[PDB]
Amino acid sequence: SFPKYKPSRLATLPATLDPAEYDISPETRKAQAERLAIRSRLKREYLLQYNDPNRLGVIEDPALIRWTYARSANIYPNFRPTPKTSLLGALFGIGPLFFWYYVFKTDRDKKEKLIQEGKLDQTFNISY
Amino acid sequence: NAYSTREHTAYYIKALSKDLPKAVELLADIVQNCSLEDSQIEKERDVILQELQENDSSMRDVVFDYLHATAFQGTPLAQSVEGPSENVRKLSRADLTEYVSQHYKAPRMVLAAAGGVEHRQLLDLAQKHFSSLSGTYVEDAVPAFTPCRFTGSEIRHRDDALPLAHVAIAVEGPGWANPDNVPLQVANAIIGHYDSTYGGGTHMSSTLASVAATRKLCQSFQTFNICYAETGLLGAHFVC
Amino acid sequence: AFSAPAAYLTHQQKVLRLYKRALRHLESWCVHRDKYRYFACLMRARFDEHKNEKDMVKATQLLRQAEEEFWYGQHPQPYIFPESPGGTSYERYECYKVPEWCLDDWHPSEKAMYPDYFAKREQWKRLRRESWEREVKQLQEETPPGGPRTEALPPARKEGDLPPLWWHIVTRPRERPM
Amino acid sequence: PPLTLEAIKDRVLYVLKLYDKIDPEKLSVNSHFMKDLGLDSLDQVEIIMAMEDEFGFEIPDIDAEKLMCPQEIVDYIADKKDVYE
């Protein structure tokens with residue numbers, strides 16, 4: 001009984017240690033065959049175009065076009081102001097700005113106070 | 001006769017010793033070469049639905065099914081042997097054939113005999129008739145045993161119309177192979193069993209039984225030790 | 001050169017892969033050859049012990065437990081062949097590999113420096129250009145009505161026909177192009 | 001290190017001959033381990049491992065299982081190492 005491997009988000013569970021890889025059913029095997037069918041059809045189309053002696057240029061992959069569109073164009077059309085979206089947007093957009101305002105304003109005010117009280121050393125600070 | 005449980009299925013033939021070969025032949029034919037004809041499938045669907053309606057009357061079976069549902073919720077053990085009515089109506093010949101193929105396998109079957117049976121004769125008959133059955137799984141699809149979680153829970157179906165109340169309470173118990181089963185069985189024997197028909201009544205050694213008889217607390221009370229491979233239900237059922 | 005994969009790995013294939021992984025990691029742990037041989041014979045005996053288990057459920061549980069043991073006992077830094085994936089030299093010469101189509105864009109002066117080679121290249125181009133149509137026809141004929149259900153490609157049925165979709169495999173950049 | 005085809009064949013036969021279970025005399029380029037010889041699957045795995053250790057290149061498991069012959073091993077090594085003679 002060696003210690004078990006706790007999978008995490010940055011440490012995925014090894015297939016060998018997958019509890020489902022050892023409980024297989026007829027439906028699962030059928031699904032695996034269907035997935036291989038999909039892959040084989042896609043690879044056939046790709047290789048047919050890739051080995052074509054007449055083809056000159058890129059083999060436009062619809063998947064790449066879809067990925068780029070989904071990552072750029074489709075975002076706003078499929079966005080709805082929601083409690084999560086609104087709160088996260090508020091926090092991550094305006095929150096940091098006010099934190100940095102607090103920090104810089106406090107530092108600058110302290111510096112100005114010290115300068116006014118003549119209690120800051122700028123003996124050789126002659127290049128601002 | 002046949003009996004199906006959540007963990008075991010059995011077909012046994014009571015017969016004379018001189019008829020052992022024919023009994024073995026019939027058992028082999030039943031186990032392996034079962035027609036599963038569709039018309040019989042429809043008739044048995046009707047019968048099974050009617051019997052599901054009947055079992056609802058049997059309060060004890062209903063209460064034990066509820067106990068399994070609540071205690072082993074989220075696990076295969078919660079499922080009843082008969083199954084939901086929707087599944088019964090939706091079942092098909094393909095599903096029954098697949099069940100027979102996946103679960104009826106030689107390594108998972110035992111041919112047992114008692115009485116005037118010679119072991120050599122039984123072994124020879126089994127080789128003659130049961131040899132064909134195989135333990136290979138089609139397309140390497142092997143069912144995997146799953147440990148079942150026991151959840152402390154309460155399921156209360158309140159039907160005040162019902163004459164008497166059935167309650168079953170259990171705690172998780174040992175598996176079949178756990179050595180602790182014997183002492184727990186001794187303790188349950190200490191707790192005992194009582195029914196209103198019992199003659200002993202007040203003088204019965206079991207304190208619960210004596211008190212129930214003296215106060216007429218319960219019509220019947222029994223202690224059960226239900227054991228499955230990795231878990232079990234240990235407790236009591238009392239009608240009061 | 002890689003063969004087309006199958007939808008699932010058979011129990012025998014999974015056991016074989018576990019055996020290979022265990023032997024390699026043991027060799028990583030057992031640096032010296034003699035200790036490796038002794039413990040490797042031990043591992044072979046371990047597999048032989050349940051080689052003939054009849055019950056498939058029991059064998060599957062055994063495989064699962066063996067995989068758990070392997071994960072606990074895997075060498076943190078298993079030996080990787082230098083050119084294998086994860087190896088020190090894996091893909092080291094990838095940049096030197098250059099596709100064949102680049103030669104077509106050579107200036108005529110450059111192609112003049114190697115005349116015989118480009119004559120042979122023209123011959124190969126002619127072969128591919130002639131073969132493409134027959135290869136497409138054969139692939140259509142052999143393909144099942146639903147579609148290709150495996151990545152495997154048929155061999156050339158008749159003389160004078162090249163294997164379908166042969167160009168890139170045959171003309172793949174040399175392993176050590178330089 | 002030209003690693004000619006004949007060298008690959010000679011080294012594969014060397015490894016196989018140094019394999020105790022295989023009897024050296026009947027070992028041939030076309031002697032299928034499964035059928036002509038008596039080697040089982042684990043012996044196939046061991047022989048593939050021995051070959052990959054001898055030549056220093058790892059044969060992927062999917063390809064490794066399908067060799068089933070010494071000449072197959074030789075030609076696969078030639079394909080991987082781009083040996084054309």
# chains A, B, ... in the order shown; residues from 1 in each chain; ligands from 1

call {"tool": "select_by_dssp", "arguments": {"residues": "stretch 19-115 of chain B", "states": "helix (DSSP H, G or I)", "output": "ChimeraX atom specification"}}
result
/B:19-31,38-55,59-71,76-78,85-90,93-103,106-108

call {"tool": "interface_residues", "arguments": {"of": "chain B", "to": "chain A", "cutoff": "7 Å", "atoms": "only C-alpha atoms", "output": "ChimeraX atom specification"}}
result
/B:141-144

call {"tool": "write_last_selection", "arguments": {"atoms": "N, CA and C atoms", "output": "tab-separated table (two decimals), in the first residue's frame"}}
result
chain	number	residue	atom	x	y	z
B	141	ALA	N	-13.76	-6.01	-22.47
B	141	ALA	CA	-14.60	-5.20	-21.60
B	141	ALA	C	-14.84	-6.02	-20.33
B	142	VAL	N	-14.11	-5.69	-19.28
B	142	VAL	CA	-14.13	-6.44	-18.02
B	142	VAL	C	-14.81	-5.57	-16.97
B	143	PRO	N	-15.90	-6.02	-16.36
B	143	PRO	CA	-16.51	-5.25	-15.27
B	143	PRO	C	-15.55	-5.16	-14.08
B	144	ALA	N	-15.58	-4.01	-13.41
B	144	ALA	CA	-14.71	-3.74	-12.28
B	144	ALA	C	-15.54	-3.59	-11.01

call {"tool": "closest_residue", "arguments": {"among": "A:39, A:66, A:6, A:108", "to": "chain C", "atoms": "only C-alpha atoms"}}
result
A:39

call {"tool": "interface_residues", "arguments": {"of": "chain C", "to": "chain B", "cutoff": "8 Å", "atoms": "only C-alpha atoms", "output": "list in words"}}
result
residues 10, 11, 54, 55, 56, 57 and 60 of chain C

call {"tool": "residues_around", "arguments": {"residues": "residue A:42", "least_positions_apart": "6", "cutoff": "10 Å", "atoms": "only C-alpha atoms", "output": "VMD selection string"}}
result
(chain A and resid 36 48) or (chain C and resid 148 151)

call {"tool": "write_last_selection", "arguments": {"atoms": "N, CA and C atoms", "output": "PDB file, in the first residue's frame"}}
result
ATOM      1  N   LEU A  36     -11.791   7.262 -32.711  1.00  0.00           N
ATOM      2  CA  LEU A  36     -10.809   6.908 -33.729  1.00  0.00           C
ATOM      3  C   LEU A  36     -11.352   7.149 -35.128  1.00  0.00           C
ATOM      4  N   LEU A  48      -4.725  13.826 -47.700  1.00  0.00           N
ATOM      5  CA  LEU A  48      -5.075  13.957 -49.108  1.00  0.00           C
ATOM      6  C   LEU A  48      -4.690  15.329 -49.639  1.00  0.00           C
TER       7      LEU A  48
ATOM      8  N   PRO C 148     -13.083   6.430 -43.653  1.00  0.00           N
ATOM      9  CA  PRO C 148     -11.954   5.688 -43.083  1.00  0.00           C
ATOM     10  C   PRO C 148     -12.102   5.588 -41.573  1.00  0.00           C
ATOM     11  N   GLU C 151      -6.481   4.859 -39.377  1.00  0.00           N
ATOM     12  CA  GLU C 151      -5.467   5.634 -40.078  1.00  0.00           C
ATOM     13  C   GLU C 151      -4.650   4.799 -41.052  1.00  0.00           C
TER      14      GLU C 151
END

call {"tool": "residues_around", "arguments": {"residues": "stretch 9-18 of chain D", "least_positions_apart": "4", "cutoff": "9 Å", "atoms": "only C-alpha atoms", "output": "JSON, numbers by chain"}}
result
{"D": [4, 5, 22, 23, 24, 25, 27, 28, 29, 47, 50, 51, 54, 55, 70, 71, 73, 74, 75]}

call {"tool": "residues_around", "arguments": {"residues": "residue C:168", "least_positions_apart": "5", "cutoff": "12 Å", "atoms": "only C-alpha atoms", "output": "list in words"}}
result
residues 47, 48, 49, 50, 51, 52 and 53 of chain A; 1, 99, 100, 101, 128, 163, 173 and 174 of chain C

call {"tool": "write_last_selection", "arguments": {"atoms": "N, CA and C atoms", "output": "mmCIF file, in the first residue's frame"}}
result
data_model
loop_
_atom_site.group_PDB
_atom_site.id
_atom_site.type_symbol
_atom_site.label_atom_id
_atom_site.label_comp_id
_atom_site.auth_asym_id
_atom_site.auth_seq_id
_atom_site.Cartn_x
_atom_site.Cartn_y
_atom_site.Cartn_z
ATOM 1 N N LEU A 47 -4.228 14.501 -45.047
ATOM 2 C CA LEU A 47 -3.158 13.888 -45.825
ATOM 3 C C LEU A 47 -3.452 13.952 -47.316
ATOM 4 N N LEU A 48 -4.725 13.826 -47.700
ATOM 5 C CA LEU A 48 -5.075 13.957 -49.108
ATOM 6 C C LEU A 48 -4.690 15.329 -49.639
ATOM 7 N N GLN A 49 -5.006 16.384 -48.884
ATOM 8 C CA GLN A 49 -4.622 17.716 -49.346
ATOM 9 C C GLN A 49 -3.116 17.940 -49.222
ATOM 10 N N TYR A 50 -2.491 17.323 -48.221
ATOM 11 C CA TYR A 50 -1.087 17.567 -47.911
ATOM 12 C C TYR A 50 -0.164 16.913 -48.932
ATOM 13 N N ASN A 51 -0.569 15.765 -49.477
ATOM 14 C CA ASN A 51 0.200 15.043 -50.481
ATOM 15 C C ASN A 51 -0.239 15.361 -51.902
ATOM 16 N N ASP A 52 -1.149 16.311 -52.080
ATOM 17 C CA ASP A 52 -1.608 16.661 -53.415
ATOM 18 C C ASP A 52 -0.482 17.367 -54.158
ATOM 19 N N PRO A 53 -0.020 16.841 -55.294
ATOM 20 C CA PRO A 53 1.088 17.491 -56.010
ATOM 21 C C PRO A 53 0.730 18.848 -56.584
ATOM 22 N N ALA C 1 6.968 6.554 -39.872
ATOM 23 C CA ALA C 1 7.161 5.117 -39.722
ATOM 24 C C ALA C 1 6.228 4.554 -38.656
ATOM 25 N N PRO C 99 12.502 21.182 -45.711
ATOM 26 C CA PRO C 99 11.558 20.498 -46.596
ATOM 27 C C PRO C 99 12.068 20.447 -48.027
ATOM 28 N N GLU C 100 11.614 19.426 -48.756
ATOM 29 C CA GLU C 100 12.050 19.246 -50.136
ATOM 30 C C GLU C 100 11.554 20.363 -51.046
ATOM 31 N N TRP C 101 10.373 20.922 -50.764
ATOM 32 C CA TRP C 101 9.808 21.930 -51.654
ATOM 33 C C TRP C 101 10.679 23.179 -51.735
ATOM 34 N N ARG C 128 5.574 11.266 -58.933
ATOM 35 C CA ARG C 128 4.491 11.668 -58.037
ATOM 36 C C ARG C 128 3.296 12.208 -58.818
ATOM 37 N N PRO C 163 2.364 3.138 -53.390
ATOM 38 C CA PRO C 163 1.489 3.141 -52.216
ATOM 39 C C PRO C 163 0.792 4.481 -52.078
ATOM 40 N N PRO C 173 12.689 14.539 -44.496
ATOM 41 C CA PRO C 173 14.077 14.981 -44.321
ATOM 42 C C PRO C 173 14.905 13.942 -43.579
ATOM 43 N N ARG C 174 16.171 13.823 -43.973
ATOM 44 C CA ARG C 174 17.049 12.831 -43.369
ATOM 45 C C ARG C 174 17.215 13.097 -41.875
#

call {"tool": "atom_distance", "arguments": {"atom1": "atom CA of residue B:206", "atom2": "atom CA of residue B:60"}}
result
22.3 Å

call {"tool": "closest_atom_pairs", "arguments": {"of": "chain C", "to": "chain D", "cutoff": "8 Å", "atoms": "only C-alpha atoms", "output": "Markdown table"}}
result
| residue | atom | partner | partner_atom | distance |
| --- | --- | --- | --- | --- |
| C:1 | CA | D:79 | CA | 7.7 |
| C:2 | CA | D:63 | CA | 6.4 |
| C:3 | CA | D:63 | CA | 6.2 |
| C:5 | CA | D:62 | CA | 7.4 |
| C:16 | CA | D:42 | CA | 6.8 |
| C:17 | CA | D:61 | CA | 7.0 |
| C:19 | CA | D:42 | CA | 7.9 |
| C:20 | CA | D:45 | CA | 6.8 |
| C:44 | CA | D:42 | CA | 8.0 |
| C:81 | CA | D:57 | CA | 6.3 |
| C:82 | CA | D:57 | CA | 7.8 |
| C:83 | CA | D:57 | CA | 6.8 |
| C:84 | CA | D:58 | CA | 6.4 |
| C:174 | CA | D:82 | CA | 6.8 |
| C:175 | CA | D:81 | CA | 6.8 |

call {"tool": "write_last_selection", "arguments": {"atoms": "N, CA and C atoms", "output": "mmCIF file, in the first residue's frame"}}
result
data_model
loop_
_atom_site.group_PDB
_atom_site.id
_atom_site.type_symbol
_atom_site.label_atom_id
_atom_site.label_comp_id
_atom_site.auth_asym_id
_atom_site.auth_seq_id
_atom_site.Cartn_x
_atom_site.Cartn_y
_atom_site.Cartn_z
ATOM 1 N N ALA C 1 6.968 6.554 -39.872
ATOM 2 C CA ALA C 1 7.161 5.117 -39.722
ATOM 3 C C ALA C 1 6.228 4.554 -38.656
ATOM 4 N N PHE C 2 5.706 5.434 -37.807
ATOM 5 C CA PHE C 2 4.835 4.994 -36.727
ATOM 6 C C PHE C 2 3.579 4.340 -37.289
ATOM 7 N N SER C 3 3.211 3.201 -36.710
ATOM 8 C CA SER C 3 2.000 2.513 -37.118
ATOM 9 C C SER C 3 0.770 3.249 -36.596
ATOM 10 N N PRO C 5 -2.451 4.018 -34.608
ATOM 11 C CA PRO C 5 -2.907 3.527 -33.307
ATOM 12 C C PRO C 5 -4.263 2.848 -33.412
ATOM 13 N N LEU C 16 2.280 -5.615 -21.408
ATOM 14 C CA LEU C 16 3.596 -5.524 -22.032
ATOM 15 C C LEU C 16 4.218 -4.150 -21.815
ATOM 16 N N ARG C 17 3.418 -3.093 -21.962
ATOM 17 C CA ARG C 17 3.923 -1.746 -21.726
ATOM 18 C C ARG C 17 4.333 -1.557 -20.274
ATOM 19 N N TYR C 19 5.401 -3.927 -18.341
ATOM 20 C CA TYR C 19 6.632 -4.694 -18.199
ATOM 21 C C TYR C 19 7.828 -3.891 -18.687
ATOM 22 N N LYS C 20 7.701 -3.278 -19.866
ATOM 23 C CA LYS C 20 8.806 -2.498 -20.411
ATOM 24 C C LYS C 20 9.140 -1.313 -19.514
ATOM 25 N N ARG C 44 10.561 -10.733 -14.163
ATOM 26 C CA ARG C 44 9.994 -11.689 -15.107
ATOM 27 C C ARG C 44 9.260 -12.798 -14.369
ATOM 28 N N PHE C 81 16.734 7.564 -23.616
ATOM 29 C CA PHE C 81 17.686 7.444 -24.709
ATOM 30 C C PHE C 81 17.960 8.828 -25.283
ATOM 31 N N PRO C 82 19.193 9.103 -25.711
ATOM 32 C CA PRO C 82 19.544 10.487 -26.069
ATOM 33 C C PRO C 82 18.631 11.094 -27.117
ATOM 34 N N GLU C 83 18.207 10.322 -28.114
ATOM 35 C CA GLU C 83 17.352 10.841 -29.172
ATOM 36 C C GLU C 83 15.866 10.618 -28.912
ATOM 37 N N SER C 84 15.499 9.997 -27.797
ATOM 38 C CA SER C 84 14.096 9.742 -27.515
ATOM 39 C C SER C 84 13.417 10.991 -26.965
ATOM 40 N N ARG C 174 16.171 13.823 -43.973
ATOM 41 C CA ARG C 174 17.049 12.831 -43.369
ATOM 42 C C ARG C 174 17.215 13.097 -41.875
ATOM 43 N N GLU C 175 17.432 12.018 -41.115
ATOM 44 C CA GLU C 175 17.497 12.130 -39.660
ATOM 45 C C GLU C 175 18.634 13.043 -39.221
#

call {"tool": "residues_around", "arguments": {"residues": "residue B:231", "least_positions_apart": "6", "cutoff": "6 Å", "atoms": "only C-alpha atoms", "output": "list in words"}}
result
residues 173, 174 and 175 of chain B

call {"tool": "interface_residues", "arguments": {"of": "chain A", "to": "chain C", "cutoff": "6 Å", "atoms": "only C-alpha atoms", "output": "compact mmCIF listing (two decimals) with C-alpha atoms, in the first residue's frame"}}
result
# COMPACT_ATOMS: atom_id res chain seq x y z
CA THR A 16 -2.00 4.19 -15.44
CA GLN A 32 -13.34 4.91 -28.38
CA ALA A 33 -13.91 3.39 -31.81
CA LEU A 36 -10.81 6.91 -33.73
CA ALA A 37 -13.23 7.15 -36.66
CA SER A 40 -9.10 8.89 -39.09
CA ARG A 41 -11.49 10.89 -41.27

call {"tool": "atom_distance", "arguments": {"atom1": "atom CA of residue C:27", "atom2": "atom CA of residue C:53"}}
result
27.4 Å
